[PDB]
Each structure stands twice: as C-alpha cells, then as structure tokens.
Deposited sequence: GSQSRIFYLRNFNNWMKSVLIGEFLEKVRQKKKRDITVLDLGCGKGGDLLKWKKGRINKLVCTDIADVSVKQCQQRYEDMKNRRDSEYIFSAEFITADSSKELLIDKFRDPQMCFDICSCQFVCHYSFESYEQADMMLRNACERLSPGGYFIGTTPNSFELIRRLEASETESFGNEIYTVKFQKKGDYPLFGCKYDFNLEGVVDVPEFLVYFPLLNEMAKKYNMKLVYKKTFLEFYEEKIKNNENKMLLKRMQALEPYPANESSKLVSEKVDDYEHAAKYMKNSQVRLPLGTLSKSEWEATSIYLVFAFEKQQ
C-alpha cells in the first residue's frame, strides 16, 4: 500500500508544482481542492506558498479530518495559507452558492483522483466540471488525475471475464462490451467508479472556455518528469519501467492519466 500512495503523492507533487510555477509567471494564489479527502495535499500547497485554499469533499468525516490536519500544521513562525472547508456533493451542488464569497476566483482547481465519480450521469459530470471551472480566472488551471479509459478496456478485453488485476488491485466491470458515455460502472479495490472517456471530458470542458494544456498517461508523465533532476531527487527522497516500483505497482499505477486544462481569455 505505502509505495504506491507515495508514487501518487510524488505525481501530484510534480503536477501541482509545475502549475504553480506557470501561475506565478503572471504577477495572491487562491486554490480550489475539489474532492480534497483527508487533506493529503495540504502540505503540497503549503510548500507551494499559496495564500488561500478552499477544500471541499462529499464526505463530512474526511473534510473534518482535512480541517484538523490543517489546524495541526497551523498550530505547529512559517507562512501558511488561510483555508475554507465545505462539505458538498460537487456533482449535484453548486459551489458558487456555498463559498463565503460567491464571486471568488481561483488560480488553480486541483481535482486529484475524483472525476470518475461524477460520470454517473451527464448532469453530474457537467456539474462537477462547472464547479471546477466557472470560477477559474483567465489563464487559471484545472488539473487532475483519473483512470485512463483506454487502459481499463484494453485490460477488460484481454481478460477471460469482467475482471482483472494482480495482488495489489482489482478491477470489476458491471457489464462488459457496453461502454456508455455516462454510467459505465466498474469496481476498483471500495467504491463504484464510472468510466471517463477523455475525448468527452475534453469536449465537455469547452463549455466553460477551457482548452487542453496536456493529457499524459502516468507512464508518460513519469518518464518525461524524471528528466528534471529536481523531480527525480524528490522521488528519491519520498520513496514498463524497470525500477522505482515493482512490476505489480507499475501495473496498478499505469491505469491512470494526468490532465491539465486552461481558462481562456
């Protein structure tokens, strides 16, 4: 369990940091962490020296864990951002209606391992994308990590059943051979997720004046980003390709992709 979560932390680290550098090339960094969980990315924002962060999640128990983690860091002379915490279903509720400041603006929306939950339906996928995008400033960024639908199906079609995996993970599709845009249900060991067809996410984000910066598979992102010595030293410290992970860990990790979109002027 540890090694993978750690590789995923490194992934989000390198992803978050590139877009904070990109952000800062244009003269008070305000960030929306959408589906923030227990606050696994609070330190990344702290290290990035953002000034404001809104943390929101469907699970109140996790948001309260996020809030306590934050109070702990704050309680323990060094700079920390101010933070707003909201328990909401971002696929059914409108965050503009929840913020203290409805007309608040964000420089980044980070959406890490969350989007696949909103694709239960069109209304939900579109709502979570509005929430992510409508308040980004011109030039601001929508960044995330979600399973690559191409790799799920590849592995589905190779399989003798509706299931596949190794000792680390299991995928179990509800149905096989049928891939609707919305509602394409699978299990991933433990909640139900829904297939995210990336061409459809890309297209759908044009409604909120967003152009794709890049989509990379995890393996592609890994091998490009290891070439930066600073990203590589970070991996060194925090810890198919040969080393860094096992065969089985690359197998689990290689399911995912990384994306970045930009609000246009």
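Participant: What are the C-alpha gaps when you align the coordinates back onto the deposited sequence?
Facilitator: No coordinates exist for the deposited residues in 1-5, 33-34, 84-85, 199-203, 254-287, so these stretches are absent from the model.
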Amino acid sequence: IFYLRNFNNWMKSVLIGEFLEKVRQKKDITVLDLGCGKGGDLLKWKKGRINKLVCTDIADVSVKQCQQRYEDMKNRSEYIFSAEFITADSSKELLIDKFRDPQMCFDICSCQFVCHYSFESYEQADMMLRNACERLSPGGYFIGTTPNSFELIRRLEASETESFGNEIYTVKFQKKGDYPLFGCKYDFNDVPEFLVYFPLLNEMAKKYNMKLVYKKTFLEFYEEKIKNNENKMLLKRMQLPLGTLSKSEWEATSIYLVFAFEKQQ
From here on, numbers count along this sequence of modelled residues.
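By rigid core we mean the largest C-alpha set that fits within 1.5 Å across both forms.
Participant: Of the stretches 29-37 and 229-237, which sits farther from where it is here in 6 other deposited structures of this protein, on average over its Cα atoms, after fitting the core?
Facilitator: After superposing on the rigid core, the more displaced stretch in 6 other deposited structures of this protein is 229-237.
Participant: Given a rigid core fit, name the stretch, 170-178 or 148-156, whose C-alphas are on average farther from the form shown here in 6 other deposited structures of this protein.
Facilitator: Stretch with the larger root mean square C-alpha distance in 6 other deposited structures of this protein: 170-178.
Participant: For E78, record whether it is unmodelled in at least a third of the other compared entries of this protein.
Facilitator: Per the records, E78 goes unmodelled in at least a third of the other entries.
Participant: Can you tell me which stretch has the higher mean Cα B-factor, 230-238 or 48-56?
Facilitator: Mean CA B-factor is higher for 230-238.
Participant: Checking the record values for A83, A88, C105, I80, which has the greatest CA B factor?
Facilitator: Answer, based on the entry's C-alpha B-factors: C105.
Participant: For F164, does the deposited CA B-factor place it in the lowest, middle or highest third of the chain?
Facilitator: Lowest third, going by the recorded CA B-factors of the chain.
Participant: Would you mind checking where the Cα B-factor of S137 ranks among the modelled residues of its chain, as the lowest, middle or highest third?
Facilitator: Its C-alpha B-factor, which the entry lists for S137, ranks in the middle third among residues of this chain.
Participant: Can you tell me whether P192 has a C-alpha B-factor in the lowest, middle or highest third compared with the other modelled residues of the same chain?
Facilitator: Within its chain, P192 is a highest-third residue by C-alpha B-factor, going by the deposited values.
Participant: Considering every modelled residue of the chain and its Cα B-factor in the PDB entry, is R69 in the lowest, middle or highest third?
Facilitator: Ranked within chain, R69 CA B lands in the lowest tercile.
Participant: Sorting the chain's modelled residues by C-alpha B-factor, tell me whether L219 ends up in the lowest, middle or highest third.
Facilitator: For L219, the deposited C-alpha B-factor lands in the highest third.
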